[PDB]
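First comes the structure, then the notes that go with it.
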Amino acid sequence: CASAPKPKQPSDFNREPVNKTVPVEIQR
Amino acid sequence: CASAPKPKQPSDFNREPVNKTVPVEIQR
Amino acid sequence: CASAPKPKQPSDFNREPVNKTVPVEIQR
Amino acid sequence: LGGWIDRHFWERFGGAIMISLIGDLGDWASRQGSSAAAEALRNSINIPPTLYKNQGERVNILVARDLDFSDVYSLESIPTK
Amino acid sequence: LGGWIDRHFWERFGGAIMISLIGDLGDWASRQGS
Amino acid sequence: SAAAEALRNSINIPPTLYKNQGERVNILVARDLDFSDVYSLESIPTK
Amino acid sequence: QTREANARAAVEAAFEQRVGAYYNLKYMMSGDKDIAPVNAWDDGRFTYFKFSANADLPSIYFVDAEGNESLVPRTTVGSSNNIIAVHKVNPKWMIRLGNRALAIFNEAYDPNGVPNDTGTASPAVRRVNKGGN
Amino acid sequence: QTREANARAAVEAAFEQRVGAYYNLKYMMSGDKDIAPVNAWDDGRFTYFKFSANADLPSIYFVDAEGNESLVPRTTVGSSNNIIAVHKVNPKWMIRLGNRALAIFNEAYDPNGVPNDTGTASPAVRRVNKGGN
Amino acid sequence: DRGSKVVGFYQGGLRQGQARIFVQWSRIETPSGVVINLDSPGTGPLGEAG
């Protein structure tokens, strides 16, 4: 009748790139 | 039917700066 | 009454060749 | 650590509930011609709960002793400029 | 040190209350055959 | 009571767990595993 | 033995130096004003709350996006132990003492921060691995 | 002992040189942007998530085609310990911290990848069998 | 390496109210011959014990 809840599932609406700038570890 | 109470939540109305004067540890 | 569920059976619809290109382990 | 507790209500009380209900239905059917429940409960009643804590939960460790890092680190000044 | 005390009333008396209520409900329904 | 006699005998039957094949699992290493005696590294010469 | 003593002398000097730091003083507060600090600021790594001499030192907590509170380690600094330096920079904090609660808001929160490339609280002292092994 | 010292020196030189690496930056995210990394990329073998200085390092999980999560091994790299390097290249990732979740999407997933003929993380360092037996 | 064969074992069965068995993984054998005795607990896909 009751089951263990799942964790929060992220909303799939505000999809944007992670990388605004190229990392320095790429040496760029 | 009963749950452990929460601590007092501060009222969010009297919002004012902490720093009336610059601290002396800033050397000012 | 209740029996142990079988594992998922693959659908027999999208039957396509495995080998798109000849392996290099056949030395070709 | 704490999370969602499963108390196993049905696994503890369903044997007794179903035994009592079937006994009452049988009595009603026999009368309409015109203890097992306690023993099931005695056996199914002591089932400890189960805790479920999800992944990514934030927790703490409250250090119970003094931790000593003298042998693995040392401090050297970085020269100016 | 003292604070708020949870006494677990339901975990202590819900088995008894549910069992008694279901027993009496079944008895009532069985008597309702007539 | 015959019903209670049958129940008293056959009520404690432990469950059985059916885990299919191909399921993914983990192994959470409980001790330090040391591979010093069986591997060694060497730089691959350039070009 | 000469190198170790000179090294720790230089380390102590470099710690007490504290040169080239940026201080953020944009802090607001709302709640039970009687447990309030007289000053709050941060240097990009720690957050400091200065309390007056006659005020009890309250307990300071870390508030995340959902409003939950969690413990944060603190060290008590200052000449008269009047400053509590928490080891984190955060947008919102909660101060509690008894049944009174005060909320502190960081109104110039810098998500990026400054990296800890050295391993110490100072950019002029390095933590080097001694144990080797 | 002399051969071993030269071998170790060449091994470290080859690990650090890191030449002939192709980097993928086609990563999107959607979810709780407060635990978002400032950068994410992969080199063909590992995936790196760089976090800012003030951000708590979250927990990162592996999401398969049915949507189920599983643990993936990670190593924390970078000068200031700001990068999490997970040992797999996958199309979708889940990042969790407390009760906030952020999903990372690899928009240029290469199923083929590059094979590991050497047994190390580098194409210029071999892993050879010492134990004989 | 990948494809290393791990071998474990379980025993003792389940009790009432339990839905997970404890599995101990005992040894792993790399495709190249290496053999190491890891006596580690076997967990689910997300580390849940058993």
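Note on naming: chains are A, B, ... as they come in the structure tokens, residues start from 1 per chain, ligands start from 1 in the order shown.
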Might you pull out every residue within 8 Å of stretch 12-22 of chain H, with only C-alpha atoms counted and same-chain residues fewer than 2 positions away left off, and present them as an NGL selection string?
-> (:F and (43)) or (:H and (8-10 or 24 or 43-44 or 122 or 124-125))
Excluding same-chain residues fewer than 2 positions from residue I:8, what lies within 8 Å of it counting only C-alpha atoms, as a VMD selection string?
-> chain I and resid 6 10 23 to 27
Those residues with C-alpha atoms, as a PDB file, in the first residue's frame please?
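Generated file (again-v5.pdb):
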```
ATOM      1  CA  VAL I   6      33.830 -12.485  -9.847  1.00  0.00           C
ATOM      2  CA  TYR I  10      25.047 -16.645  -0.214  1.00  0.00           C
ATOM      3  CA  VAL I  23      25.859 -11.953  -0.897  1.00  0.00           C
ATOM      4  CA  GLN I  24      29.610 -12.105  -0.268  1.00  0.00           C
ATOM      5  CA  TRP I  25      31.850 -11.796  -3.296  1.00  0.00           C
ATOM      6  CA  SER I  26      35.026 -13.766  -2.727  1.00  0.00           C
ATOM      7  CA  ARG I  27      37.482 -13.671  -5.627  1.00  0.00           C
TER       8      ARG I  27
END
```
For stretch 5-22 of chain F: contacts at 9 Å, only C-alpha atoms, fewer than 2 positions along chain excluded, given as a PDB file with C-alpha atoms, in the first residue's frame:
```pdb
ATOM      1  CA  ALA C   4       8.374 -15.371 -10.572  1.00  0.00           C
ATOM      2  CA  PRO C   5       8.440 -12.875 -13.453  1.00  0.00           C
ATOM      3  CA  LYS C   6      10.438 -13.816 -16.489  1.00  0.00           C
ATOM      4  CA  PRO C   7      13.094 -11.420 -17.783  1.00  0.00           C
TER       5      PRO C   7
ATOM      6  CA  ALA D  36      -6.381 -19.156  14.559  1.00  0.00           C
ATOM      7  CA  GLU D  39      -2.030 -17.700  16.652  1.00  0.00           C
ATOM      8  CA  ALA D  40      -1.225 -16.094  13.294  1.00  0.00           C
ATOM      9  CA  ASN D  43       3.890 -15.377  14.835  1.00  0.00           C
ATOM     10  CA  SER D  44       3.680 -12.468  12.390  1.00  0.00           C
TER      11      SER D  44
ATOM     12  CA  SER F   1      -8.949 -26.261  16.951  1.00  0.00           C
ATOM     13  CA  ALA F   2      -7.905 -27.958  13.726  1.00  0.00           C
ATOM     14  CA  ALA F   3      -7.436 -24.662  11.888  1.00  0.00           C
ATOM     15  CA  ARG F  24      23.260  -5.208 -12.658  1.00  0.00           C
TER      16      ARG F  24
ATOM     17  CA  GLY I  13      18.048 -17.746   3.550  1.00  0.00           C
ATOM     18  CA  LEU I  14      15.627 -14.941   4.292  1.00  0.00           C
ATOM     19  CA  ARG I  15      13.531 -14.234   7.362  1.00  0.00           C
ATOM     20  CA  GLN I  16      10.017 -12.872   7.497  1.00  0.00           C
ATOM     21  CA  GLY I  17       9.906  -9.253   6.420  1.00  0.00           C
ATOM     22  CA  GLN I  18      13.240  -9.369   4.579  1.00  0.00           C
ATOM     23  CA  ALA I  19      13.488  -8.746   0.855  1.00  0.00           C
ATOM     24  CA  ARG I  20      17.282  -8.818   0.386  1.00  0.00           C
ATOM     25  CA  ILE I  21      19.850 -11.593   0.840  1.00  0.00           C
TER      26      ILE I  21
END
```
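A straight line drawn from atom CA of residue D:37 to atom CA of residue D:15 is 7.2 Å long.
Minimum atom-to-atom distances from G:112, G:118, G:106, G:132 to residue D:78 were compared using only C-alpha atoms, and the lowest value belongs to G:118.
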Which residues of chain G come within 9 Å of chain H, and for each one, what is the closest pair of atoms and their distance in Å to one decimal, counting only C-alpha atoms, sorted by chain and residue number, as JSON lines?
```
{"residue": "G:44", "atom": "CA", "partner": "H:54", "partner_atom": "CA", "distance": 8.6}
{"residue": "G:45", "atom": "CA", "partner": "H:54", "partner_atom": "CA", "distance": 8.0}
{"residue": "G:65", "atom": "CA", "partner": "H:34", "partner_atom": "CA", "distance": 7.9}
{"residue": "G:66", "atom": "CA", "partner": "H:99", "partner_atom": "CA", "distance": 8.0}
{"residue": "G:88", "atom": "CA", "partner": "H:54", "partner_atom": "CA", "distance": 7.4}
{"residue": "G:89", "atom": "CA", "partner": "H:54", "partner_atom": "CA", "distance": 6.5}
{"residue": "G:90", "atom": "CA", "partner": "H:54", "partner_atom": "CA", "distance": 7.7}
{"residue": "G:110", "atom": "CA", "partner": "H:54", "partner_atom": "CA", "distance": 8.1}
{"residue": "G:111", "atom": "CA", "partner": "H:54", "partner_atom": "CA", "distance": 6.1}
{"residue": "G:112", "atom": "CA", "partner": "H:52", "partner_atom": "CA", "distance": 4.9}
{"residue": "G:113", "atom": "CA", "partner": "H:53", "partner_atom": "CA", "distance": 5.1}
{"residue": "G:114", "atom": "CA", "partner": "H:53", "partner_atom": "CA", "distance": 5.7}
{"residue": "G:115", "atom": "CA", "partner": "H:53", "partner_atom": "CA", "distance": 5.1}
{"residue": "G:116", "atom": "CA", "partner": "H:80", "partner_atom": "CA", "distance": 5.3}
{"residue": "G:117", "atom": "CA", "partner": "H:80", "partner_atom": "CA", "distance": 4.6}
{"residue": "G:118", "atom": "CA", "partner": "H:80", "partner_atom": "CA", "distance": 7.5}
{"residue": "G:119", "atom": "CA", "partner": "H:80", "partner_atom": "CA", "distance": 7.8}
```
Could you take the residues named above and write them with C-alpha atoms, as an mmCIF file, in the first residue's frame?
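Contents of the output file part_2.cif:
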```cif
data_model
loop_
_atom_site.group_PDB
_atom_site.id
_atom_site.type_symbol
_atom_site.label_atom_id
_atom_site.label_comp_id
_atom_site.auth_asym_id
_atom_site.auth_seq_id
_atom_site.Cartn_x
_atom_site.Cartn_y
_atom_site.Cartn_z
ATOM 1 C CA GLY G 44 35.841 35.145 0.168
ATOM 2 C CA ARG G 45 36.742 32.061 2.203
ATOM 3 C CA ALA G 65 18.212 26.493 -1.174
ATOM 4 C CA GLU G 66 15.251 24.672 0.380
ATOM 5 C CA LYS G 88 32.074 28.673 4.441
ATOM 6 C CA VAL G 89 30.617 31.448 2.292
ATOM 7 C CA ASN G 90 26.876 31.054 1.726
ATOM 8 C CA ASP G 110 29.819 35.328 -5.375
ATOM 9 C CA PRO G 111 29.129 31.813 -6.686
ATOM 10 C CA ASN G 112 32.628 31.456 -8.123
ATOM 11 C CA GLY G 113 34.658 32.368 -5.095
ATOM 12 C CA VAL G 114 38.438 32.082 -5.032
ATOM 13 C CA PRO G 115 40.102 28.650 -5.292
ATOM 14 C CA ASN G 116 42.167 27.174 -2.472
ATOM 15 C CA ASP G 117 45.214 26.205 -4.512
ATOM 16 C CA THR G 118 47.493 25.923 -1.459
ATOM 17 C CA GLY G 119 45.671 23.934 1.203
#
```
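You can rank B:9, B:22, B:16, B:28 by their closest distance to residue G:36 using only C-alpha atoms, and at the top of that list sits B:16.
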Restricting the calculation to only C-alpha atoms, which member of G:121, G:102, G:4, G:126 is positioned closest to residue G:61?
->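 Counting only C-alpha atoms, the residue closest to residue G:61 is G:102.
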Name the residues of chain I that fall into strand (DSSP E) according to DSSP on the backbone, using the chain letters and numbers of this document, as a VMD selection string.
-> chain I and resid 5 to 10 23 to 29 35 to 36 40 to 43
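Between atom CA of residue H:127 and atom CA of residue H:5 the separation is 16.6 Å.
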Work out how far atom CA of residue H:95 is from atom CA of residue H:76, in Å to one decimal.
->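 Between atom CA of residue H:76 and atom CA of residue H:95 the gap works out to 15.0 Å.
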Could you please select, counting only C-alpha atoms, the residues of chain D within 8 Å of chain E and state them as a PyMOL selection string?
-> chain D and resi 13+17+20-21+24-25+27-28+31-32
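Within 9 Å of chain I, chain H contributes the residues residues 61, 68, 69, 70, 71, 119, 129 and 131 of chain H, using only C-alpha atoms.
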Could you list, as number ranges by chain, the residues of chain H having an atom within 6 Å of chain A when counting only C-alpha atoms?
-> H: 27-31, 39, 101-102
Check every residue of chain F for an atom within 7 Å of chain H, counting only C-alpha atoms, and provide those that qualify as a list in words.
->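 Close to chain H, chain F has residues 37, 38, 39, 40, 41, 42, 43 and 44 of chain F.
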